[PDB]
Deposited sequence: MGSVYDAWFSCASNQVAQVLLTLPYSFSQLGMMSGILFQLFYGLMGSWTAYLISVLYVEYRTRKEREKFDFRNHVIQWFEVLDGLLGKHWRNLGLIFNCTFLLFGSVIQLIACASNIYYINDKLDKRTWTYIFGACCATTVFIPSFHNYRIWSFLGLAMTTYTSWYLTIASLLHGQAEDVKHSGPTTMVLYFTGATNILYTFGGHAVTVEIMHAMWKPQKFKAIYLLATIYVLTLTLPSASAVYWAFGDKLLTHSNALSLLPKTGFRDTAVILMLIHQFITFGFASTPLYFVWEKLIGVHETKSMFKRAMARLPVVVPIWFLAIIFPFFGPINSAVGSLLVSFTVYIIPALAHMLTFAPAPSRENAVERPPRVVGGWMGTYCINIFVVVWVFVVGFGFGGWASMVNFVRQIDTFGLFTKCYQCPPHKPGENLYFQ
């Protein structure tokens, strides 16, 4: 409803599990490179979210001027792109967005399986993956997740507690005499960490879904920027402290909770993170469930809910076969996020306002602080070029080499991804 709910949603849906793999990224990038990449990608993700908001507002105004009703349904990103640029862009956006959301849900299932292992190690991470895959498949019966605001302003508290626990525990533990702090050793690890940060920031393809619930979506531009600033405040200290403490040992420990000594605070952090990803999975899979039902023609509950199972099976199977907690994030970030969250929105923004009449009669001009249309187009071109050459090319090469390396050394359907 109000702007506060939107801010909470943006701050809680921005980081779910990357808060635990961020120190692993730092162990590959180094302190300076990691900090610079997080800040640069935070700014770039805020910019892309602003572009997505501009496109959503433009589409909504273009439809209201024609007295379109929408029959009270969320205007999904593919619908906006269809109505604003054509059917080919509809297909492109739909495919990329749905694939990224499916892989993100897989990522949350893997994160839950990995996290629970550190409260109860009596069962291998694969058994935990089975159990939590069943628990997540239970979410099919839930129609939607937009209606809930508790799940936002509680998940933000859980993320804040986890980040501050990481920071304080790392600072108190202190680095041992045998610690080592090696910066960039090989470009593969460096670009894997950079791609993990890229995955961390950007919006996670849920911008329009966090925006439809707002009374006045025009303020989302600033709301998401402030939420990103708060998320940076959360992530920078935790990652920096965890790296400063356990430098060069995080390379083989993707999860940051595998290193810290077990205690009541660590158990609380694990429980809160599990409860946070159990809601992030739902908030990321509801969009997939809606599109699945729309394609199969079932969308208009037990009979309808049972029709959502074919969406769970790909998610449940993918988590089991590839439990690679850390490198999966880099792989998805380079292959899917680079297009889903950065390149595709920028290209859509450039094409939508390319025609002169469309640019002149737009709902709102870009801010003069960013140089108006000229500066907006320059920034969009830079974002596209950067996220392509580094996010996709170098990032894709490094992330896929690392993923194949994990497959080589641990195999498929591995019991432990890492239990040193």
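Unmodelled regions (deposited sequence positions with no C-alpha coordinates, counted from 1) are 1, 302-304, 425-435.
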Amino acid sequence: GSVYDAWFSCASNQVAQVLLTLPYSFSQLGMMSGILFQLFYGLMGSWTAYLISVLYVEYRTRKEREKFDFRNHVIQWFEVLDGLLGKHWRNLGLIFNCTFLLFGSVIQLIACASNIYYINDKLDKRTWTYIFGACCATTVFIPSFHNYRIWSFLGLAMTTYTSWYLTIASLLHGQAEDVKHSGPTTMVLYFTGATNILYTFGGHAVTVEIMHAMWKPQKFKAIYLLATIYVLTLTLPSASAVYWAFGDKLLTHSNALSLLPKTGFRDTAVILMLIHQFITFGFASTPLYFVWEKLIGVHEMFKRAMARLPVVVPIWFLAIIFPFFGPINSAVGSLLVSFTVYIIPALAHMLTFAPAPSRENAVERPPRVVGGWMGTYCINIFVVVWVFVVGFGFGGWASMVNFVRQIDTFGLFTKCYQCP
From here on, numbers count along this sequence of modelled residues.
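For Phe70, the fraction of other compared entries lacking coordinates, among those that model flanking residues, reaches at least a third. Among other compared entries that model residues flanking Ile223, every one gives it coordinates, keeping it clear of the one-third cutoff.
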